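Chains as they are written, first to last, in the authors' numbering: chain A, 2 to 118; chain H, 2 to 214; chain L, 1 to 210; chain B, 2 to 102; chain C, 2461 to 2705.
The beta carbon of each residue, even a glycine, is placed where N, CA and C say it ideally should be.
Report on one structure; see the data block that follows.
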Amino acid sequence: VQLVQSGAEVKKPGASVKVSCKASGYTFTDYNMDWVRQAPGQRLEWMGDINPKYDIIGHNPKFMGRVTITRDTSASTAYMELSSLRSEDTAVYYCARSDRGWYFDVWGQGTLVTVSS
Amino acid sequence: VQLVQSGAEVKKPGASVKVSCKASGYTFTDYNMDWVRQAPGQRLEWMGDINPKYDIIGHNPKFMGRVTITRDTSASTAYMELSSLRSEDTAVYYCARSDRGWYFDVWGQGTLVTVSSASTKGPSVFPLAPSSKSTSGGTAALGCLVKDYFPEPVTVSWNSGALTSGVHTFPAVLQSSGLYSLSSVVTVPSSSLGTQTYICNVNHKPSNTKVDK
Amino acid sequence: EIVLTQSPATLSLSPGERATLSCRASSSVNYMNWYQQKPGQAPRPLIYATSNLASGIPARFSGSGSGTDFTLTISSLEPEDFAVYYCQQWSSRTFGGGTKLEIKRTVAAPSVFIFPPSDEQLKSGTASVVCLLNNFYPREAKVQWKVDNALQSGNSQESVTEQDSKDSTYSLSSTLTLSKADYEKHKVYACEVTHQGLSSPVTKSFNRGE
Amino acid sequence: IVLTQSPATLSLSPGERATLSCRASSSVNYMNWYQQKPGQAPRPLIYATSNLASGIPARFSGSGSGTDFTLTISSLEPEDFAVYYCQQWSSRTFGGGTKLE
Amino acid sequence: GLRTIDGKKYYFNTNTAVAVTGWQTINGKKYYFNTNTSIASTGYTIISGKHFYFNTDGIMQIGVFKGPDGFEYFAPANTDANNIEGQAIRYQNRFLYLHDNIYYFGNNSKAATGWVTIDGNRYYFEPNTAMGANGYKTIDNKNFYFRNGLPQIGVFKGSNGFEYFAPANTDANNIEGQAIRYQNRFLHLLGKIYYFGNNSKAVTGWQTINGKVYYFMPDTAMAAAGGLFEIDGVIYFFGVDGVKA
């Protein structure tokens, strides 16, 4: 079992980056996704988690207008987007599972997303 | 006193179906209406019943999520509505009446519901070549192959209705392709070409195709 | 809970003889209803409660039972009575699996016939080979397809006629289906038939063509 | 709902006791903990509270009730030096964590 | 004509001939008067082995009513074994829709008591009336919102406000449709947006969240978004995510 993410993307402020998480080794519809931001030398802060019932839920009010999460069951993949990007959101975004609603079974490799001009 | 149901409706998985039952010859409010299906050759399965007087319905837990039975007293008709059809719903649905809550007194003739991704298609009819009355046995046999049609049913006769002796029309078998196929055969003596030319009559009503081979 | 079970799956007797159908329940039930069905016809009510019969049911049929076990019986069979017989418990409206009552007759060996594919079918990319067993009894039979003596157990479908009204025999059709691809490169097509009435297996052949 | 922790940075040597806690400013039912070595993603340790999975030694003894929640490591090891974050599952909020040198 | 004497119905007929007994049809409705006491039967009453129910006024009524062995189904006159109006009947492993309420009967013809699993799904029949629960209930300090006996999923109004009844395995292996702990984070469900405070209740009315203004329906807690809205006499335009302009 493993969650594989997309490569490292770096773009200018005011753009959009779509990070994907490819599930492996388990049925993708028996668990919920999740997303967390860790800025350099900063705490962990949560973003959102998709559900197999296509409810894209849990936007952090700080990210409510910026984020867009989606699901592709036919490819057993997950996704996450971020609009109106600024130079403050430079961080590493991780996926995560949810074991019976507990603690995130497995984490992704963590995608490098930095923003500068 | 008879019950008369709808005709054979044919749907694709995920759709629904409406089956009716025309009660005649008695007071429609007196008795109850039971709905009973029968998958091909499988044991009879009870689905639900309805009380015309009080609008009382009871299901079978198997169909809790999808079946709904309704009532139209003036029309003396009973209805059942299967929704979200699975490919395993192909069956003959019957309509029966309860006598004081003992048995089923009157039965409908049954309504065929076919569930399949396949699309309606008529058969191709191929000849079966005969030539073997070599020495010990005089009887020879020929037939026609009715292949790759959908849905059931097909009827077959020989020589436009003349022949009945020795005719065997086999039950249709369901192919892995979702299409049906059957063969029809007939046994006949020494007759060859130039004598008693045999004709195979295939009719597939839902396709509105007639083929004589 | 309540599961009804038909004790003899098939029962092979002759007309004029007494017949017994049993329907054993998983638990204690008060009443048991017996039905009947011909091929291509809706089930006709035979018995209700346990003993009481319906209209249009001769005095041949009797019905009796208690608790777990119930027995439908026919005093003297007549050619019309041969059909499937289901039982039923009303309170749960569960049905039995049916007992097929067939006409018992003497063993009858099959007549075996082989049919090559048709011309218009070949040019369309498919080839169907048919093997037919005519007027045999009992129903049990094994048909073994061989292609150049190679037996395939996977590529075929079979169908069997109902018991004949005049001589009480069955007929069977076996069809081997393969694309035109994987056909022309083989020569001899053979159908091996095994049956109680055959001293040894009977094989019918077909040639490379022509 | 914000939760806080007692030690932010900590420098110890292998084979010493380690105790670090996370206190919530509200009554809370469960708490999780996550380890993260530099360069690689976080690692789950404790779930609910007195539970563990994903291959952790038996020396990890998570405990806590109400506001104050504590983690225990009976014996430190050289390859176990990493950052320890604590998380609330319902509010879905993390904390500063604790570093090992 | 019947007249109540000390809380007991006696049918005196007309001529001041003092009493009668047995089954009686008084204005379409059917009574039974005790043979020895000439009193209108009330409640669960056994008559010659067959079971009946009568409301407080001695009027026979059909339905699923509680007997000493559990809720039984007193049924029409031709359902099971030539029964009679208001007689309890055998009803095994079958659903019963009655007055747009659901009942399910087990192996011995009794209605379900509380939680019961039927062929894969988890139904909850109200223990008080035996009918499949409807609406917001609380079992064992666990909240649910039932429709026809099955817990539903979504943001629904509860005793202490709007609760988010989440699917199973969403919060502490919660049961399907059980209310969960959802604190300080938004919720998108079926195209409608919600926001839940520290008490896991979807806010209503005008709420400012993160330096931005929102308005949530008082009746469904759904965020107003997508176009214009007349929230009581004044016209406002909400964005797609619920941000007013």
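By the rule that beta-carbons nearer than 7 Å mark a contact, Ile51 of chain H does not touch chain C. The contact set of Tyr2642 of chain C on chain B, defined by CB atoms closer than 8 Å, consists of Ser91 in chain order. For the set C:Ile2640, C:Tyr2470, C:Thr2474 and C:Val2615, the Cα lying nearest the Cα of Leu2650 of chain C is the one of C:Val2615.
Residue range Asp119 to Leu122 is occupied by the alpha helix (DSSP H) that includes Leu122 of chain L. Looking at the backbone, the Cα of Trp103 of chain A and that of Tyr48 of chain B are separated by about 7 Å. In this structure, the beta-carbon distance from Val147 of chain H to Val203 of chain H falls below 7 Å. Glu82 of chain A sits in a strand when the DSSP states are folded into three classes.
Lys2602 of chain C is bridged by DSSP to C:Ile2599.
Counting the other Cβ atoms within 10 Å of the Cβ of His60 of chain H gives 16 or more, which makes it buried.
Contact between the stretch 20-30 of chain H and the stretch 2509-2522 of chain C is absent: fewer than 3 CB-CB pairs across the two stretches fall below 8 Å.
Residues of chain C with a Cβ closer than 9 Å to the Cβ of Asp90 of chain A do not exist, since the nearest Cβ in that chain sits about 15 Å away. If you draw a straight line from the Cα of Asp90 of chain A to the Cα of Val116 of chain A, it is about 7 Å long.
For a Cβ distance threshold of 9 Å, residue set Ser92 and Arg93 of chain B lies close to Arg2645 of chain C, ordered along the chain.
The Cβ of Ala42 of chain L sits closer than 7 Å to at least one Cβ of chain H. Looking from the CA of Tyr2674 of chain C, the closest CA among A:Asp100, A:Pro62, A:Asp56 and A:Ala40 belongs to A:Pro62. Residues of the stretch 113-131 of chain H whose Cβ lies closer than 9 Å to any Cβ of chain L, in chain order: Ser125, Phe127, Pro128, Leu129, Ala130 and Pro131.
Between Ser99 of chain H and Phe29 of chain H the beta-carbon gap is near 13 Å, outside 8 Å, which marks them as no contact. Within chain H, the residues whose beta carbon sits less than 7 Å from that of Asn134 of chain L are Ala142 and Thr188, listed in sequence order. The beta carbon of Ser85 of chain A is closer than 6 Å to those of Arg67 in its chain, skipping five residues each way along the sequence. Beyond the five residues adjoining it in sequence on each side, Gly96 of chain L comes within less than 8 Å, by CB distance, of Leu4, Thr5, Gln6, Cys23, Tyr86, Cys87 and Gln88 in the same chain, given in chain order. Listed along chain C is no residue with a C-beta nearer than 9 Å to that of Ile200 of chain H; the closest approach is about 53 Å. Judged by DSSP in its simplified three-state form, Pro62 of chain H adopts helix. Taking a Cβ-Cβ threshold of 9 Å, the residues of chain C close to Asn33 of chain H are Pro2536, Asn2538 and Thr2539, in chain order. Relative to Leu164 of chain H, the option among H:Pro154, H:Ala79 and H:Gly144 whose CA is nearest is H:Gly144. Beta-bridge analysis with DSSP links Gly2482 of chain C to C:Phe2493. By the 16-neighbour rule on beta-carbons within 10 angstroms, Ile2506 of chain C is exposed.
Annotation: the continuous beta strand (DSSP E) that includes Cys191 of chain L extends over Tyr189 to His195. If you compare the alpha carbons of H:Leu180, H:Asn160 and H:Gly111 with that of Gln3 of chain H, the shortest gap goes to H:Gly111.
Excluding residues up to 5 positions away in sequence, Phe2565, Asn2567 and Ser2569 lie with their Cβ nearer than 7 Å to the Cβ of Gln2552 of chain C in the same chain. Assignment of beta-bridge partners to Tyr170 of chain L by DSSP yields L:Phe136. In the structure shown, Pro45 of chain B falls within a strand segment according to DSSP collapsed to helix, strand and coil. Straight-line measurement puts the Cα of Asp50 of chain H at about 58 Å from the Cα of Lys134 of chain H. Shown here, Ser166 of chain H sits in coil according to DSSP, grouped into three states, outside any helix or strand. Secondary structure at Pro128 of chain H: strand, using DSSP grouped into helix, strand and coil.
When 8 Å is used as the limit between beta carbons, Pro2627 of chain C is near these residues of chain A: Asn52 and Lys54, in chain order. Here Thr94 of chain L is buried, its C-beta having at least 16 other C-beta atoms within 10 Å.
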